[PDB]
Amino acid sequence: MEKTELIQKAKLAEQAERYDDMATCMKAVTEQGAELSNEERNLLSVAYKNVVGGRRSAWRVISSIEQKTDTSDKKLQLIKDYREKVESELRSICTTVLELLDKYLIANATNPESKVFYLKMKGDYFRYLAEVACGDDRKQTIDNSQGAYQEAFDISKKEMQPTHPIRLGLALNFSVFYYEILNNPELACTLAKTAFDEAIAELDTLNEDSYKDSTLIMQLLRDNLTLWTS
């Protein structure tokens, strides 16, 4: 198709909440081989987040039912096979996203804003893989998630400002990675708290537009902080 038409279709799919179509469009765009604008980059993120989010939600529900099911119940096997089907779909989506990030987005990124965004995305989708992994598979996926987040963190601290929404979002998801994946609430709180404080310090230097964008994410940081300190 044409990139212009793929993006129109993707915005239409987004409105209609047809995230499978939206993702297929943005994957086609990414395969055109050119760098994505901020708009297109956000379309790709929203599309695949919604596509994978449905599987994360389903996996959570099914896993909760499995856990509370008596280990001797002859109905447990079916619950387990269905959980594995959902896991298979989730791994397929994450693999598709990480493959795109590996062969196009990170490779051809020509500015630090995009590089931080794509590496953040790489950590996000290794994190989703770690949520469902076991054994050494879990170890390696966690290592890969941490690695991506860490490089995005270094670049964001070197090239961007503490109030930039992408940097605040990176801090948000990276802190969650420490809390849920590595089970280190102390480091998770320190990371979110540091990013939050460094942001309020420089809130002076923003118009009400960027102030709104940054403040919206900072509220999510302080929400996780409030939840974690209880």
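The numbering used is simple: start at 1 and walk along the sequence shown.
Trainee: Can you tell me whether 161 to 169 has a higher mean C-alpha B factor than 44 to 52 in this record, or the other way round?
Mentor: Going by the record's values, the stretch with the higher mean is 161 to 169.
Trainee: Highest mean C-alpha temperature factor of the two stretches 211 to 219 and 17 to 25, which is it?
Mentor: Going by the record's values, the stretch with the higher mean is 211 to 219.
Trainee: Reading the B-factor column of the entry, which of 176, 199, 62, 182 has the highest value at its C-alpha atom?
Mentor: Going by the entry's C-alpha B-factors, 199 comes out highest.
Trainee: Quick one: classify residue 57 as lowest, middle or highest third of the chain based on its Cα B-factor.
Mentor: Tercile = lowest for this residue's CA B-factor.
Trainee: Using the temperature factors of the C-alpha atoms in this entry, rank residue 84 within its chain: lowest, middle or highest third.
Mentor: Ranked within chain, residue 84 CA B lands in the middle tercile.
Trainee: Sorting the chain's modelled residues by C-alpha B-factor, tell me whether residue 37 ends up in the lowest, middle or highest third.
Mentor: Middle third - that is where residue 37 ends up once the chain's C-alpha B-factors are sorted.
Trainee: Ranking the modelled residues of this chain by C-alpha B-factor as given in the entry, is residue 148 in the lowest, middle or highest third?
Mentor: Lowest third of the chain for residue 148's C-alpha B-factor.
Trainee: How does residue 230 rank on Cα B-factor within its chain, lowest, middle or highest third?
Mentor: Highest third, going by the recorded CA B-factors of the chain.
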